[PDB]
Every structure is written in C-alpha cells, then in structure tokens.
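Let me begin by presenting the structure, written as structure tokens, before commenting on it.
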Amino acid sequence: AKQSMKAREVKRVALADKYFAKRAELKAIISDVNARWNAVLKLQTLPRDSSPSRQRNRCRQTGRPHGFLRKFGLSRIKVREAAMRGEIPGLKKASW
Amino acid sequence: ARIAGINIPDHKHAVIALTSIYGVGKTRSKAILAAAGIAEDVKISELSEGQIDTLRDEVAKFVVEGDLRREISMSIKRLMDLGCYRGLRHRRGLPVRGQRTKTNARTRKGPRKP
Amino acid sequence: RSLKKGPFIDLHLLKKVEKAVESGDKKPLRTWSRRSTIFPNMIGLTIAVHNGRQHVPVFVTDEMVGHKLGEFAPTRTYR
Amino acid sequence: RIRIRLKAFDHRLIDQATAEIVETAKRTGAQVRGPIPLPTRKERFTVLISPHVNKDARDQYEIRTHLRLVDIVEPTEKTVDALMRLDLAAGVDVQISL
Amino acid sequence: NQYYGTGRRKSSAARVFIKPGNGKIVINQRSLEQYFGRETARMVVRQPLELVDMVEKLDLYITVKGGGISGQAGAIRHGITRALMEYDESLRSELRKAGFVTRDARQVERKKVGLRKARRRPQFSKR
Amino acid sequence: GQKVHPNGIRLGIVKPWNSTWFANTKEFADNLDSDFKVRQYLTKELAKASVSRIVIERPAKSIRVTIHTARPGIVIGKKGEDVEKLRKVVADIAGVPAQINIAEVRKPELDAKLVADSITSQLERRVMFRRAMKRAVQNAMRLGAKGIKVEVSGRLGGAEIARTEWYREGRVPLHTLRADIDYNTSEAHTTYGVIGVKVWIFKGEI
RNA sequence: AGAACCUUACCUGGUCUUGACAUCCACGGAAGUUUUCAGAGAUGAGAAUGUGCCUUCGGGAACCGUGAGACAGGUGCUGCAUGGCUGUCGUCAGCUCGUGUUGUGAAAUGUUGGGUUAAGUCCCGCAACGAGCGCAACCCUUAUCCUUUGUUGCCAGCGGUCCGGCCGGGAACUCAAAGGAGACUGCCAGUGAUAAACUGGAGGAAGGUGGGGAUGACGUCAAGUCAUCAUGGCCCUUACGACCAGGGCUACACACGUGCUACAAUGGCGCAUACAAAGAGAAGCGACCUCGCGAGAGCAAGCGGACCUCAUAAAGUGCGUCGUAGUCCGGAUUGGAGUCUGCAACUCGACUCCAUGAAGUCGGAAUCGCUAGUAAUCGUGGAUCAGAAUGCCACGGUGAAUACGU
C-alpha cells in the first residue's frame with residue numbers, strides 16, 4: 001500500500017481545522033500579543049511532530065513536501081500525467 | 001536623492017522616501033519631521049503640494065543634513081586638531097549612543113568592517 | 001533558561017561539540033554564540049567562542065547544568 | 001413578479017442562507033412580507049449528480065433553499081444601511097427576475 | 001436632454017457627462033491640458049474620438065476610474081457612443097454599423113489562465 | 001506511452017464516475033480517506049465474486065453505492081450470506097446504513113473486464129493466445145459492438161525480449177469524446193514475468 | 001512547487017536492535033495527561049493524576065511496557081525485464097488496410113499531378129474506389145448583437161444628492177451569464193482547363209482555419225524514470241534497518257548554462273496627477289487609529305467572500321536639477337542600530353535605515369530569440385510560503401519594422 005507510511009503530513013495540519021475560526025474573534029486578546037508571551041507562545045516546542053508550522057504540503061500518494069493547495073488540494077505538477085481528469089482550475093500548464 | 005540629498009529608495013510612498021534625508025536619525029529625527037510638518041495620513045490620492053512648498057523652507061531655515069553632520073562630528077576637530085579628546089572620541093568607535101566598541105556594536109567605524 | 005521550559009541549545013556549539021564529546025577534540029570553532037549553556041559531560045573543557053573580542057574560557061562543574069556561557073565568560077569591556 | 005435562480009452550494013451554508021440572506025433587509029420600514037411557507041423545491045445549477053441510462057431517475061442535489069421576495073417599496077435609510085452586511089449565510093445570491 | 005453614460009474598458013466604471021455648454025472639462029479631477037492637449041496624451045487617448053464628435057465640443061465631467069491610457073481612451077469612446085443615444089436614438093444601428101460601439105481589438109486580449117502574454121513565448125525563451 | 005485513460009477523459013460524460021463531488025472546503029481529507037478505504041476494502045475479498053462493477057458515489061454527505069454482478073451462480077454463493085457480511089462490513093466502516101443495490105447483468109461478451117480475465121486465464125492455461133485473441137474479437141463482433149481493439153505484452157517463454165501486437169478490427173475512435181468506449185486493462189503473473197492485456201470496446205453510440 | 005534542527009535520500013557521533021513503519025502471538029491492565037533525574041535529543045531510572053465502554057468478567061474491541069517467532073523494509077543493484085509516464089523527430093503532415101487494376105513475380109497504384117497550401121485539411125484530374133488511424137471542427141476563451149437578468153456592481157431618467165451615485169428605483173445600459181446567431185468562398189467581377197483555387201471589390205465588428213489554445217499518430221532512441229509509484233530477478237533481517245543530534249546539496253582553484261541588476265539623462269530626484277485585471281484568503285488579509293525614515297509592532301471592523309484586505313498602479317506628463325559625471329546610475333561587497341517569522345537561524349531566515357558608491361559608461365571571437373499586439377518592455381499579484389525569488393504561474397499598462405525571396 002505505502003499510503004499510511006507516506007501520510008506523515010496528513011495528521012499534522014488536521015486537528016487544528018476548526019480550533020481558531022470561532023475563537024480568534026472572541027479571544028483576540030489571547031491570540032494577539034499585547035506587547036510578550038515568551039512562555040505561553042513557546043509551548044509549541046513540546047509537540048515535535050504536529051504543529052501549524054509543520055505544514056509540508058500533505059500528499060498521501062508519495063509523502064513528499066510538494067503538491068498541495070489550501071483552496072482544493074489539487075495537483076500542480078502531477079497534471080502532466082493527469083491533465084485529462086479536469087482537476088485544473090486556476091492553475092494550468094503554461095503553453096498558450 | 002532629494003533637493004540636496006541622496007539614498008533614493010525604490011518604489012516607496014511619500015513619507016517613506018522624502019524623509020530619507022541624512023539629517024533625520026535616531027534622536028534628531030523628531031525635530032526635522034516636526035519642521036517638515038508631514039505625516040503618513042496623506043495617501044497618494046490625498047498627497048498635497050505642501051511638501052514641495054515646504055522642502056525649500058525646511059532645508060534653508062533649518063540646519064542642512066550635510067553641514068549639520070559636519071559641525072556635529074567633523075568641524076569640531078577639523079580646525080581644532082589639538083590633543084583634545086572630544087574630536088577623537090567620535091572617530092574612535094567607543095560608545096557615543098550606547099554602542100560598545102567591539103562586542104557586536106562596531107557602529108561608528110563607518111563602512112561594514114569585522 | 002530563557003525559554004522558561006524545555007531548555008535547548010543553539011547550533012553554535014553543536015556544530016562540533018556533539019562530535020568532540022566522544023571523538024576527542026577538534027580545531028577551534030568560529031562560534032559567535034552568547035546564549036549557549038554548558039553540560040557536565042564536558043567538565044574541564046571550554047568551547048572556543050568568538051564573541052567579538054577574543055577566545056574566552058568557560059569554567060564548568062557537575063553542579064552547573066543550565067548555566068549560560070555568557071554568564072561564565074565575561075566579555076563586554078566598556079572603555 | 002420576483003423569481004430567483006438560486007445557486008445551491010452545500011447544506012451547512014444553506015441552513016442559514018435560507019433566511020439570513022434578506023433577514024437584514026427589513027427592520028422597521030421595509031416592505032418585505034416575511035417568510036413564505038415555500039413547499040419543497042429543488043433549485044440548483046443545471047448539473048446532475050450522475051446522469052445514467054435511466055432517464056427518469058434524473059438524480060439531482062437536494063438542498064433546502066428559499067427564494068427572495070423582498071419587493072421593497074420604500075426602505076428607510078437606517079433599515080437597509082446593512083442590507084448586505086451580513087456575518088452569516090455563506091451562500092448569498094439575490095438574483096431577482098422580473 | 002442630459003446625456004449621461006458610464007462606458008468602460010477593462011472593467012472600468014466612469015461617470016460621463018454630455019450636456020450643451022459647460023466648457024470646463026473635469027476628467028476625474030484632471031486638467032484639459034494634462035490629458036487632452038500639449039502633453040503625452042494630447043491625441044493618443046483620443047484617436048477614435050477624432051472620428052466621433054470632437055471632445056472639446058461636448059462637455060465631459062468624467063470620473064473615469066479604470067483602464068490604461070488607451071484603455072481610458074476606449075472607455076471614454078464606449079461611454080460617449082452609448083450615452084449620446086438620447087441625442088440620436090437611431091445610433092443603436094448607425095454606430096453599431098459604424099464600428100464605434102464595438103470593443104476594439106486594440107487592447108490586451110481577454111484570456112483564460114495562460115502565458116505571460118497568452119500569444120507568444122514570454123521573456124524566458126531559454127528551454 | 002503517450003496514450004491517455006479513456007475513463008479519465010470521460011469524467012464529463014454520463015458514464016459512471018469514481019471520485020467527483022462538491023462539498024465544504026474543510027472536509028476534503030476525511031472524505032477522501034473514507035472513499036479510499038471503502039474502495040480498497042470492497043474489492044480485495046471479491047476475488048471469487050466476479051462482480052461486473054462496483055461504484056461508490058458521495059455527492060453531498062450521502063452514499064449511493066451500486067453493484068452489478070456478472071454470473072448469479074458465482075456471486076450468490078452460500079445463499080447470499082457473504083453479500084450480507086460484506087454489506088455489514090462496509091456499513092460499519094462507513095458508520096451509516098448504506099443503500100446498497102444489486103443489478104443483474106448477463107451476456108458476458110461485450111464486457112471488457114470479463115474478456116480480459118478470460119484472455120489472462122487462457123494465457124495462464126499454457127495454451128496459444130492468438131487463436132484466443134481472434135476468437136474473442138469475432139465473438140465480440142458477432143454480438144454487435146461494431147469496433148474493438150486488443151493488445152498483449154511480451155515476455156513469451158524463456159525469452160527476455162518482448163513484443164506488442166494489437167490485431168485491431170473495427171472502429172475505435174479514442175480521440176472523440178462521443179464514443180462511449182470501454183476499457184479495463186488486466187495483468188497475469190505467468191511463469192516468466194507478468195503479461196498485460198488491454199481491451200477497447202466501442203459499443204455503438206449514444 | 002519553495003533547503004535553520006526536522007527537512008534530505010550523505011557523512012560523523014550517541015542510541016534502539018520483532019522495532020522507529022504495518023499484521024499476527026504471551027502477560028496483565030485502558031489510555032491520555034502533569035512533573036521530575038541524566039541526557040544535545042534519542043532514550044534509560046521513574047513516580048503519580050490515573051483507570052471511558054464491553055467484560056455468557058477471559059481479557060480483548062483499543063492503547064500501555066517487555067519478550068520469541070512468521071516478520072516488515074531499505075531514495076540499496078538491475079528502464080541494458082517491465083507497467084505507467086515523459087523528452088525526441090513533431091502541430092511534422094504522417095501511418096496502413098479491404099476490394100479492384102497492372103506485373104510470371106517481388107511489388108506498384110490508391111497515398112506520383114494542379115491549386116489551396118499550415119497541410120494524406122479540401123476540391124479537381126486520375127485504375128482506381130472506399131475504409132481504419134492521424135489533421136481540421138466537433139472542446140475552452142475572445143471579434144458583434146440577441147433571449148433571459150440586477151445583488152453588493154453601473155448609476156440612463158425620477159427625490160434630495162448620506163456628490164462616491166448612498167438609499168429606493170431602471171434593469172435602457174457599461175460589467176456579469178442559463179442559450180444562440182453572426183464568417184460560413186456568403187456574394188460582384190476577373191486570373192485560372194469552364195473545374196478547383198486564387199485575385200480585385202463589396203457586405204458586415206469579423207475574407208479566405210477572424211485571433212489564441214486541449215487534442216502529438218505508425219513509430220522513435222537498450223532514451224530517462226525500480227529517486228514519484230508499482231515492478232521480475234539480486235542480499236539480509238540483533239540489518240549496507242532505523243530514531244536522534246551537527247553539518248550539505250549554497251563550501252572552492254577555476255569554467256560552463258540561465259535569468260536578474262545595471263552600465264542612465266529615452267534616466268534619477270521630490271512635488272501635483274488619473275491610470276488594471278485575473279486571482280488569493282473565519283489557523284487570513286488585516287480597514288482605521290499611534291510610532292518606527294522604515295522592518296513591523298500595540299488596537300482593530302469586515303468577510304465565509306459581484307460585500308473586507310493585498311491594491312496603490314508603472315514606465316508618463318508640467319515643475320528644478322546634473323549634461324555625462326565609476327555618476328543622486330548601479331547595487332554586490334565587507335558592520336551597526338535594529339523589527340518580524342520561527343524554541344533556536346554565522347555555514348543555512350527574511351526585511352528597513354546609516355555606512356558601503358566597486359566591476360560595469362552597451363560588451364570581442366561570435367552566437368541565439370522575433371512574425372501583430374510581434375519584439376520591446378513597465379510593473380501587479382497569486383500557487384509554492386514556519387519561512388526565503390532574479391525561479392515558476394497569472395494579470396494587465398503601452399507598443400513598430402523586417403516575411404521581396406528558395
């Protein structure tokens with residue numbers, strides 16, 4: 001299969017999906033530094049395997065750090081082998 | 001460059017570039033900008049001709065960037081080349097604004113220099 | 001302990017200290033760190049750091065684990 | 001006199017867009033006549049979920065949407081100052097049709 | 001009657017006035033000599049306007065927010081040709097057949113998502 | 001191999017899809033994972049089922065999976081107990097009562113999967129293949145489907161060299177979208193290497 | 001398609017060796033979480049808060065810590081085994097067949113000729129007739145108008161103008177789309193075997209595919225790809241397996257390929273000035289407000305985006321300037337002050353101000369790209385972004401000649 005082995009980035013930017021959309025407006029004081037939270041803001045050091053800063057273009061097919069788009073998560077270089085699938089809005093090969 | 005200035009920054013707003021005159025610095029910038037009477041509130045559409053109308057007044061009435069620096073640092077020792085330590089202190093690189101001579105604060109040496 | 005939790009060291013000393021700890025010794029390192037800390041495994045040895053003036057010794061002992069190099073290496077000398 | 005070609009996108013958005021699209025268009029003075037019972041209707045893009053050999057199934061996306069019947073005649077200045085300044089109802093399209 | 005009209009080129013949004021008299025011309029708070037006389041835009045921004053009624057003869061209180069210099073020229077042309085319909089209600093055919101309301105090809109072609117110029121090799125000819 | 005998969009090109013045509021829908025922008029990962037899990041885990045144990053086609057669709061938070069079987073004898077099994085077990089397994093994996101449907105199919109002549117499987121089995125049987133190729137072509141032509149193409153890989157006997165043959169006969173307009181062409185390649189691990197068989201069928205027009 | 005550790009497949013050093021990856025087995029029990037000691041982490045010694053549910057109460061569904069085995073796996077070797085994909089001739093006009101005909105026969109014709117010519121597209125003539133693949137159109141955008149239609153967008157006309165068209169309101173209509181027509185040798189005349197085709201003209205916004213794309217055949221090179229994946233064969237599983245911690249792909253003694261910067265006055269300075277679109281974004285831009293010459297920070301509405309931000313446009317013109325000054329050009333380059341991204345960034349973050357004013361003043365041998373919006377440019381942003389473009393993608397602003405000729 002190999003899908004699970006190369007799914008390192010799948011579980012890195014998934015938990016926090018809705019952890020700030022409805023919290024930033026209400027907790028803007030905590031979210032925004034009132035300067036310096038040298039201790040509270042450094043708590044991200046403890047998780048060394050999943051964090052917002054660890055985003056690496058999730059690709060379960062090959063696990064490489066390339067090939068992602070937050071808008072739809074569609075191919076940008078694999079299009080060469082999947083140009084007929086119709087998954088190329090906005091970004092397409094530049095020959096025309 | 002300016003009317004009598006240098007150091008043009010590329011593709012920047014009015015306050016960002018017009019205030020590149022060498023006179024403004026760390027502590028003396030406030031007086032120069034107060035004399036100019038300009039702020040960032042004016043946008044490209046709201047930019048007004050007062051800046052050019054007051055550029056000549058500010059350069060003339062107030063001390064020019066060049067002669068100001070020359071009198072502050074050079075003119076004190078250019079004519080008085082005696083053993084007075086006041087002139088040598090500025091060029092020696094020792095703290096003049098809180099900059100230790102060697103450890104990470106080699107400021108007054110001029111050009112970038114290890 | 002500037003981080004207030006989970007102390008970590010800069011890459012300055014770790015350029016070669018992690019190898020010299022069990023590989024013997026290496027040539028002097030052009031290290032500019034001023035916030036690194038010493039470890040008890042390197043008692044009697046100092047990491048050559050070019051803080052800006054010159055090489056500065058750093059004495060360490062077993063009881064010192066989180067002490068910083070800058071604290072034990074007085075380098076700044078005004079006038 | 002007012003027909004709407006509603007573009008359905010999803011269920012989460014429509015759940016609030018069924019009413020919140022024009023809920024802010026009437027405070028005290030607007031001429032909106034309020035919600036209509038609006039029995040079940042299927043309005044969406046001219047796209048089918050999966051057209052197959054069976055031409056009678058005509059599978060289509062099922063979304064509960066409500067067409068706008070504002071029909072204002074004399075809104076007050078304050079009543080419609082925020083006619084479109086809505087914080088909710090992701091999907092909004094007031095496509096009036098004479 | 002007051003001959004008003006917007007017109008555009010490249011998604012412009014102008015406010016074109018045409019009424020008898022009103023010698024003063026306010027083209028988006030500009031000056032007549034700054035956009036129509038004795039300067040870079042003396043005539044290039046009015047080349048099609050030469051064929052149609054002269055600009056100086058008809059007041060233009062235009063707040064044209066859109067288009068390049070030639071884009072502004074085409075927007076003004078479109079606005080005037082679509083605004084003087086009240087002056088000549090039959091122009092809907094005449095100007096239509098005179099090639100004055102048509103969106104002139106003298107513009108950057110409307111494109112899908114494509115190359116730098118969408119018609120030639122961009123400035124990276126190296127392959 | 002500059003060719004392209006006809007099924008992928010047929011995404012915008014009434015032919016059945018594999019993965020396409022419109023939904024919220026914050027639920028792509030979980031939905032894709034669920035679709036991959038159900039697709040992968042709904043065919044591995046169907047080796048003896050010989051199911052003609054299983055399609056999973058998720059238009060908008062709804063599953064309408066369709067199953068078409070080829071041979072009733074080989075799929076009924078022990079009074080359909082295996083079918084019920086598979087339905088329960090997929091339902092518990094998805095967590096919802098999937099509306100499973102079974103549609104009977106027959107005439108194992110114009111089905112690309114069945115003919116490809118038969119060709120692979122005959123090749124594995126240690127018998128001649130060109131005769132089987134011609135027989136399949138003529139059988140397909142006899143029952144309609146005016147147009148068909150076949151192709152086989154090499155690796156014959158104890159020879160490392162490989163050759164490719166088509167023996168095409170009829171109309172196979174791959175370039176034109178309006179051709180309702182069907183194709184499903186198969187592979188067989190013979191004594192020496194793996195032999196791949198590709199079949200294209202042009203079963204009339206819309 | 002974005003390299004501080006991680007990245008990264010390498011080397012070094014510490015560490016684990018049924019694991020750090022996935023299934024099964026034996027032991028009991030949930031775990032997760034908080035604190036420690038040593039450690040650079042790896043882990044080793046741990047301790048607790050613990051202890052959700054099933055439990056015909058095993059002990060499992062799950063995970064916790066250890067152990068033997070079937071093990072897994074390796075960006076380790078073979079594209080000179082392959083599947084698939086790509087570059088190559090090549091958007092080149094091509095490759096074949098059925099029947100018929102000519103020849104004892106191999107074979108030829110079809111597909112050799114004329115024009116369109118981009119052309120096995122098309123037509124004509126023709127022992128050839130037709131057909132199967134390629135091309136064209138059938139696909140998307142754009143050149144005009146129309147059916148349907150106005151929310152935020154335009155504000156024709158009506159009320160003042162909350163002079164920006166803000167509110168209703170008209171959806172005439174700019175803009176927008178659910179569907180179409182309009183270019184199709186359609187026509188006048190001539191050249192041309194009358195034919196085809198061409199030419200001169202007219203019709204219309206659009207004359208001889210109106211302007212661009214998606215569409216790459218038989219093949220093709222042992223082409224490359226086992227390092228994207230899968231994959232036959234070649235090793236071994238206390239391991240040429242791996243976790244962790246530094247570096248390296250950017251290091252130099254030079255050369256090459258690409259682009260950018262310029263070498264300026266067709267430009268530079270500050271002043272006034274109207275100058276875009278496609279896009280992107282509830283883990284986001286960040287409106288506005290205050291400072292920082294600035295970086296960006298303290299405060300902050302807005303939006304689920306025809307509604308809130310990037311976003312003001314630039315080369316340009318009139319205003320004074322130097323009249324070619326190694327220059328206010330150019331910006332590398334060697335420090336400081338500093339802001340932010342990030343636990344942490346000399347090797348390997350970005351950005352701003354002062355200093356830096358070097359080579360280079362249009363570049364030899366020569367060589368390459370260019371067919372109308374062409375070159376030539378000016379920037380704008382988007383994807384890649386923890387972050388780090390002169391790369392790449394996408395948008396506009398303007399805008400010529402050369403194509404006589406084989």
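Side chains included, hydrogens not; waters and symmetry mates left out as well; all remaining heavy atoms used. Protein chains get the first letters and strands the later ones, always in sequence-line order, with residue 1 at the start of each.
With distances taken from any side-chain atom of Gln72(E) to the nucleotides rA156(G), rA143(G), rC275(G), the minimum falls on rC275(G). In this structure, the nucleotide among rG211(G), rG247(G), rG219(G) sitting nearest to the side chain of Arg119(E) is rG211(G). Of the candidate nucleotides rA40(G), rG270(G), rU377(G), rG270(G) has the atom lying nearest to any side-chain atom of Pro9(B). In this structure, the nucleotide among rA355(G), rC392(G), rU377(G) sitting nearest to the side chain of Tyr22(B) is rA355(G). Distances were taken from every side-chain heavy atom of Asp32(A) (C-beta onward) to each of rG213(G), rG286(G), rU12(G); the shortest belongs to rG286(G). In the set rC167(G), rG396(G), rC370(G), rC370(G) carries the atom at the smallest distance from any side-chain atom of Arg121(E).
Using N1 to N3 plus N6-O4 or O6-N4 for Watson-Crick, or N1-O2 and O6-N3 for G-U wobble, each under 3.5 Å, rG168(G) pairs with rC158(G). Across every strand in view, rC97(G) sits in a pair with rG130(G) that passes the Watson-Crick or G-U test at under 3.5 angstrom. If you check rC319(G) for Watson-Crick or wobble pairing at under 3.5 angstrom, you find it paired to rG270(G). With both pairing distances under 3.5 Å, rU91(G) is matched to nothing as a Watson-Crick or G-U wobble pair. Remark: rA45(G) base-pairs with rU36(G). Criterion, Watson-Crick or G-U wobble with two distances under 3.5 Å.
A Watson-Crick or G-U wobble pair does not link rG105(G) to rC229(G) when both relevant atom distances must lie under 3.5 Å. With both hydrogen-bonding distances under 3.5 Å required, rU149(G) and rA176(G) do not qualify as a Watson-Crick or G-U wobble pair. With both atom-pair distances required to fall under 3.5 Å, no Watson-Crick or G-U wobble pair links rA401(G) to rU147(G). The bases of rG19(G) and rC71(G) line up as a Watson-Crick or G-U pair, and both contact lengths stay under 3.5 Å. By the Watson-Crick or G-U wobble test, with both distances required under 3.5 Å, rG379(G) and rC395(G) count as a base pair.
Between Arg120(E) and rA372(G) there is a side-chain polar atom (N or O) within less than 4.0 angstrom of OP1 or OP2. Remark: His66(A) is in phosphate contact with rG2(G), judged by side-chain N or O atoms under 4.0 Å from OP1 or OP2. Listed pair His11(B) / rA313(G) fails the phosphate criterion, with no side-chain N or O lying under 4.0 Å from OP1 or OP2. In terms of phosphate contacts, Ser48(B) brings no side-chain nitrogen or oxygen within less than 4.0 Å of OP1 or OP2 of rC271(G). Look at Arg64(A) and you won't find any side-chain N or O under 4.0 angstrom from OP1 or OP2 of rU228(G). At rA383(G), one or more side-chain N or O atoms of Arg70(A) fall inside 4.0 Å of OP1 or OP2 (strictly under the cut-off).
When rounded to the nearest whole Å, the span between CD1 of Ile3(B) and P of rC319(G) equals 15 Å. Atom pair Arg127(E):CZ and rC392(G):P shows a separation of 10 Å (rounding to whole Å applied). Across the protein-nucleic acid pair, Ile62(E) atom CD1 and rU174(G) atom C1' stand 13 Å apart, rounded to whole Å.
Looking at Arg96(E), its side chain has no donor and acceptor atom pair within 3.5 Å of the base of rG204(G). No donor-acceptor contact under 3.5 Å links the side chain of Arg106(B) to the base of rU334(G). Contact annotation: side chain of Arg38(E) to base of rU317(G), donor-acceptor pair absent below 3.5 Å. The base of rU215(G) does not come close enough to the side chain of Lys3(F) for any donor and acceptor atom to sit less than 3.5 Å apart. Between the side chain of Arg103(E) and the base of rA143(G), no donor-acceptor pair under 3.5 Å is found.
The same atom, P, is picked in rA30(G) and in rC53(G); the two are 10 Å apart, to the nearest Å. Distance noted for atom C1' between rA262(G) and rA359(G): 11 Å (whole Å).
Heavy-atom distances to RNA chain G give each of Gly66(E) and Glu74(D) a nearest nucleotide, and the one nearer the 5′ end belongs to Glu74(D). Comparing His78(E) and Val101(E) by the nucleotide of RNA chain G whose heavy atom lies nearest to each, the residue mapping closer to the 5' end is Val101(E).
Under the side chain to side chain contact (heavy atoms under 4.5 Å, CB included) test applied with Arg9(E), the options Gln107(E), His78(E), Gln72(E) reduce to a single match, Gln107(E).
Heavy atoms of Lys97(E) sit under 4.0 angstrom from primed sugar atoms or phosphate atoms, though from no base atom. Within the 4.0 angstrom heavy-atom criterion, only backbone atoms of the sugar-phosphate kind lie near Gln51(B); the bases stay farther away.
Without hydrogens or angle criteria, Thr37(C) side chain to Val65(C) main chain gives a donor-acceptor distance under 3.5 Å.
For the strand neighbours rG41(G) and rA42(G), base stacking is present under the 5.5 Å centre-distance and 30-degree plane-angle rule.
Because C1'-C2'-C3'-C4' is positive for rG286(G), its sugar is assigned to the north class.
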